[PDB]
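Right, one structure below, let's go through it.
If you read the sequence from its start, that first residue is 1, and numbering goes on from there. What you see below is based on every heavy atom in this structure, not just the backbone, and it leaves out hydrogens, waters and symmetry mates.
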Amino acid sequence: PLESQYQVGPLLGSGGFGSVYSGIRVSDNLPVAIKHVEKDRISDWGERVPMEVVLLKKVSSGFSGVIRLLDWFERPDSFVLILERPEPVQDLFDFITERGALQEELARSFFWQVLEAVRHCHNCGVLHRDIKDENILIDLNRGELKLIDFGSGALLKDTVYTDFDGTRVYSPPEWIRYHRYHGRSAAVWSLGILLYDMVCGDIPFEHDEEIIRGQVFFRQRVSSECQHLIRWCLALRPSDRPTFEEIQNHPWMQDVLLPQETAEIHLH
Ligand SMILES: O=C(O)c1cccc2c(-c3ccccc3)c(-c3ccccc3)[nH]c12
C-alpha cells in the first residue's frame with residue numbers, strides 16, 4: 001500500500017497543482033513530498049497516466065537540477081506522486097520575499113542552475129511551461145536548485161502550441177496576443193522574467209498591456225550587462241530571443257560560483 005510505506009506529515013500547501021504534504025519514506029526515513037492530484041483537474045494524459053508523470057519519468061536521472069519522482073500511485077479519483085524533498089529547503093519565491101533583490105553574484109549562480117535544469121528537460125523531450133520562482137526549490141545546505149511542478153508541462157515539439165495553463169505574468173506576448181507560442185522561445189521569455197525577478201525582487205510586468213509593450217523599467221540598481229541579458233530574453237519578437245547557448249555565453253553569465261561556494265557565501 002501507500003500509507004504503509006510513507007509516514008504522512010503536515011500539509012505544505014495546495015492550489016492549481018493539487019495538495020502537497022510533507023512525508024517520510026518509512027523504510028529509510030528519506031524526506032519525501034506527497035502530491036495529490038485530482039483526476040478531474042487533469043487535462044493532459046496518455047503514457048493512461050497524467051502527463052506530469054510521463055514528463056517526470058522522462059527527466060529522471062542522477063542530475064540533481066530537476067526534482068526526482070520516486071514513485072506514484074493511482075486511486076479512484078486521484079493520483080498520488082512521491083517526489084524528492086530537500087531538507088532544509090526554501091522556494092525561490094519565499095527566498096526573494098525574505099531577502100529582497102538578490103546580489104548579482106547569487107542571481108548568476110541561481111540563474112545558471114535553472115538554465116542547466118531547463119536544458120536538461122529540453123534535452124529529454126520535456127517542456128516545463130511554468131518556470132518561475134515558486135517552482136524553484138533551494139537546497140539551502142548544498143546551494144543546489146531543483147525545478148518542480150511539471151503539471152503544466154508538455155512533450156517538447158517544434159510546432160506551435162495553442163494551449164497554455166502556466167502563469168500568465170510569465171507568459172510571452174505572442175501567447176497574450178495570438179494564443180500561439182513555440183516552446184524554446186516562450187521558455188527564454190519566462191527565464192527573462194525570472195532573472196528580472198531575482199535582481200529586482202519582483203516581476204517586471206503585471207498587466208497584459210505591459211507584457212505586450214515589453215518595456216523594461218529597472219526598479220533596483222542592476223549592471224549594464226545584466227539589463228542587456230534581461231532585455232534580450234524579453235525581446236518582443238520570439239526569433240530575436242537568445243538560444244540557451246547564447247544566454248550561457250553571455251558576458252554576464254561568466255565565472256559562476258559552484259553550488260557549494262554559493263551556499264557558503266550566501267546561504268550558510
Ligand atoms: O509539485 C512538485 O512537483 C513538488 C516536488 C517536490 C517538492 C514540492 C513542494 C515543496 C515545497 C516546499 C517544501 C517542500 C516541498 C511543493 C509545494 C508547492 C506549493 C506549496 C507547497 C509545496 N511542490 C513540490
Side-chain angles (χ1 to χ4, degrees), residues 63-66 90-93 95-123 128 130-139 142-147 167 169-173 183-205 210-211 213-267:
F63 173 65
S64 73
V66 177
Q90 197 178 27
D91 80 10
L92 227 203
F93 177 90
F95 184 90
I96 295 170
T97 305
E98 286 182 1
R99 304 214 182 173
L102 314 183
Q103 217 187 110
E104 281 195 35
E105 184 187 66
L106 178 54
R108 179 158 47 239
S109 177
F110 280 11
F111 195 62
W112 188 266
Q113 289 192 50
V114 178
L115 280 148
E116 293 293 327
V118 177
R119 286 180 54 200
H120 173 77
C121 296
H122 290 195
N123 188 238
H128 187 277
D130 196 25
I131 298 157
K132 66 169 167 190
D133 56 7
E134 292 177 300
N135 288 339
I136 315 292
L137 263 31
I138 313 160
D139 190 333
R142 305 182 170 285
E144 284 163 27
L145 311 196
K146 263 87 168 52
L147 233 201
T167 309
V169 291
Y170 284 77
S171 71
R184 259 111 181 172
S185 60
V188 165
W189 175 276
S190 71
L191 292 167
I193 304 295
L194 178 67
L195 211 208
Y196 183 97
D197 189 44
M198 284 184 202
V199 296
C200 288
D202 207 351
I203 51 160
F205 308 130
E210 299 178 76
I211 295 177
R213 178 160 184 253
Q215 180 70 43
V216 193
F217 164 85
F218 288 85
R219 51 169 76 89
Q220 305 268 325
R221 205 283 163 177
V222 174
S223 68
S224 297
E225 301 196 338
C226 186
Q227 294 194 21
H228 177 267
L229 189 51
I230 291 165
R231 285 189 167 100
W232 194 12
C233 295
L234 302 179
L236 250 18
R237 290 165 48 71
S239 60
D240 283 341
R241 285 165 211 161
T243 60
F244 285 84
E245 182 181 8
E246 290 176 304
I247 297 173
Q248 287 184 307
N249 285 149
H250 198 274
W252 186 77
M253 286 287 268
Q254 308 313 107
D255 307 309
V256 72
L257 300 176
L258 305 163
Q260 194 60 70
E261 321 181 84
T262 301
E264 284 160 338
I265 311 311
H266 295 287
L267 274 22

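With a 4.5 Å cut-off on side-chain heavy atoms, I247 and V188 count as touching. Using a 4.5 Å heavy-atom threshold, the side chains of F218 and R231 count as touching. No side-chain heavy atom of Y196 sits less than 4.5 Å from a side-chain heavy atom of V222. Side-chain contact check for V256 versus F111: every heavy-atom pair is 4.5 Å or farther apart. Here the side chains of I136 and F110 are not in contact, with every heavy-atom distance at 4.5 Å or above. Taking the side chain as every heavy atom from C-beta outward, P242 and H250 never approach each other to under 4.5 Å. Considering only heavy atoms from C-beta on, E105 comes within 4.5 Å of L257 through its side chain.
What you find for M253 and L229 is that their closest heavy atoms are CG-CD2, 3.9 Å. Closest approach of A117 and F63 over heavy atoms only: CA-CE2, 3.8 Å. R241 approaches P172 most closely through the heavy-atom pair NH1-CB, 4.0 Å. Taking every heavy atom of both residues into account, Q254 and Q248 meet most closely at OE1-O, 3.0 Å. Contact detail for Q220 and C200: the closest heavy-atom pair is CG-O, 3.5 Å. Residues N135 and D130 approach most closely at ND2-O, 2.7 Å, considering heavy atoms.
Separating the CD atom in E246 from the SG atom in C233 is a distance of 10.0 Å, to the nearest 0.5 Å. Interatomic distance, NZ of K132 versus CG of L92, reported as 12.5 Å (0.5 Å rounding). Residue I230 holds its CD1 atom at 7.0 Å from CH2 of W252, rounded to the nearest 0.5 Å. Here the CH2 atom belonging to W112 is positioned 13.5 Å from the CG atom belonging to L145, to the nearest 0.5 angstrom. Distance check, rounded to the nearest 0.5 Å: CD1 of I96 to CG of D197 gives 4.0 Å. Once rounded to the nearest 0.5 Å, the distance linking CD1 of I138 with CG of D91 reads 7.5 Å.
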Criterion side chain to side chain contact (heavy atoms under 4.5 Å, CB included) on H120 and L147, from CA distance to verdict:
CA-CA 11 Å; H120 173 77; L147 233 201; over 6 Å; no
Are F217 and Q215 close enough, and set up right, to give a side chain to side chain contact (heavy atoms under 4.5 Å, CB included), and what steps lead you there?
CA-CA 7 Å; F217 164 85; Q215 180 70 43; 5.9 Å; no
Begin from the C-alpha positions of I131 and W189 and carry the test side chain to side chain contact (heavy atoms under 4.5 Å, CB included) through to its verdict.
CA-CA 10 Å; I131 298 157; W189 175 276; over 6 Å; no
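Ring-plane geometry between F244 and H122 is classed as perpendicular, the angle between the planes exceeding 60 degrees on a 0 to 90 degree scale with a lower cut at 30.
For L258, the side chain to side chain contact (heavy atoms under 4.5 Å, CB included) test picks out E261, with sequence neighbours left out.
The residues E116 and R119 are annotated as salt-bridged, a charged nitrogen and a carboxylate oxygen being separated by less than 4.0 angstrom.
No side-chain donor-acceptor contact under 3.5 Å links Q227 to the backbone of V216.
Residue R142 qualifies as open at atom CZ: its count of foreign heavy atoms under 6.0 Å is 12 or below. Sparse packing is recorded around CZ of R213, with 12 or fewer heavy atoms of other residues, nucleotides or ligands lying under 6.0 Å away. Surrounding CD of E245 are at most 12 heavy atoms belonging to other residues, nucleotides or ligands under 6.0 Å away.
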